[PDB]
Structures are given as structure tokens and as C-alpha cells.
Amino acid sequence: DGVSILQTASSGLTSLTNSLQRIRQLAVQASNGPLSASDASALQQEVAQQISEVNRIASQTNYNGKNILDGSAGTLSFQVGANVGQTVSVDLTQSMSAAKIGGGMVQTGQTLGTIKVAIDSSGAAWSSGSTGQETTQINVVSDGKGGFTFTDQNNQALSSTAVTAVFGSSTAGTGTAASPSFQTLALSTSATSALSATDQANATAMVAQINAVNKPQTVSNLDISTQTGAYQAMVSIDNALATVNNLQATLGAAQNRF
């Protein structure tokens, strides 16, 4: 009973790992350099096939005809001993369907993008009047709570004055796994006003990238046919794999108690 149900669930999770790991490699392939329309279409077709397999695993993994990986099994309990209350409980309340895994917040420490800028150490636009060192790039790094930390072209943290002066005062994430939430990256006009029109446009596009990568789709809605979509897929799959690994670990802990 309990041991066999746990094995059936764990088998399904291993199938799911295979398909998620496959989407990761496809996303890597799609993000390495420029792609023709035909190559982008072909790569996304492969992702769609894997999404279909994820949905099959979620809708069809079953024990004696009863689904166990679509959330519908709930919490199961098994008697292991003679003590009243000597039971092992197994939480199968979370669906593994593509619509219900991935998404969420980017894990901490990931570089979301790099913006070319022209500012002084206080975050003011660089000019012939400026002194000290010029900041020429800003790397935007996730904090695991839907917000950001920032380094310069030499990987040194921006001063707190420069962070505030360029990005405003809502950069720190406040989300939790239980209640996710997302900051909106906003770049000052002063960060790029000294640069060419083309550099200003490039920065705007990078900020849009970063904001999209910060809010990845669930596995169901991944599309790797654009660079931003491929980057969103990498984050989303990292998160989906973490969800699957957490669940595998809990199944294992339950098996151990039998």
C-alpha cells in the first residue's frame, strides 16, 4: 500500500525530471546566438512536446486507477506500528501539471542582465564636470524575493546612494515562496542621458528583458523562440526542478519511516 504508492509517485517525478531537464537543454540551445525563424520554431516544437509529456505524467500517474500527481490525492496516511497515531502522512496536494509548476521568483544570486550606463559614484549622469571613477555598466542580480542587488562593470557593489539615485527606493524584494511578489526595475533617465540614442534604446530593451526574466511563466506557457523567452524558461525550469526535488525528498523521508 503506502510503500508502493510512494514508489509510483517517485517514478512519475523521475519522468518529470527527464522532461524538465530536456526543456533546460533546449532553452540553452535557443539562447546561445542568433537563430533563424525555422530553428526557433523547431526548438519551440521540442519544448511543446516536453510540455505535453509533463501534462501526461500529471494527468495519468496513478495507483490502482487513482491519480496521485495532479493534487487530487490530497494527504494520505498509513499505519506503521500499533501505537494509536503511529502513522506516516504523505502530502500529495500539489499538482505537477505544467500550469502549476515553474513560474515564481528567480532564485537569489542570478544575473538577470547588464545595462550600459554613464554615471558617477553618486548615480548622476557623467559629464566633463565629473570626477572620480565612471560607472559604465550595471549588473542586475536577483535577491530571491523578487527584487535586486547591483554591481558595476568591475563587479563591485554600487554605493547605496547610487542604487537609490538610479533605481529608486523599491528595489529590495519582499516576496516569499508562500506569497511571491515582484519588484519592477526602473532605470533613471540620468543613467543613460550622456550616451547615444542607440545606447539609450539598448538600455530600455535590457530593462524590459530583466523585468520579463524576473517574472517567468509557468512551464505551461514557456516559449524559447525569443531570447527573453529562453531566459525565462531557464529560470522557470530551475524553479520547477526545485519543486520536484522538494517533493522527491518528502516522499523519501516517508519511505524511510516505513
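Position 1 is the first residue in the sequence shown; the rest follow in order.
When the mean C-alpha temperature factors of 163-171 and 85-93 are read from the deposited coordinates, 85-93 comes out higher. If you average the C-alpha B-factors over 46-54 and over 22-30, the higher value belongs to 22-30.
You'll see in the entry that, of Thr136, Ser77, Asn139, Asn154, the Cα B factor peaks at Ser77. In this PDB entry, the Cα temperature factor of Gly109 sits in the bottom third of its chain's modelled residues, the lowest group. In the PDB entry, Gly144 places in the lowest third of its chain by CA B-factor. Per the PDB record, residue ranking by Cα B-factor puts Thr243 in the middle third of the chain. In this PDB entry, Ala208 carries a Cα temperature factor that places it within the middle third of its chain's modelled residues. For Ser128, the recorded CA B-factor ranks within the highest third of the chain. Only modelled residues enter the ranking.
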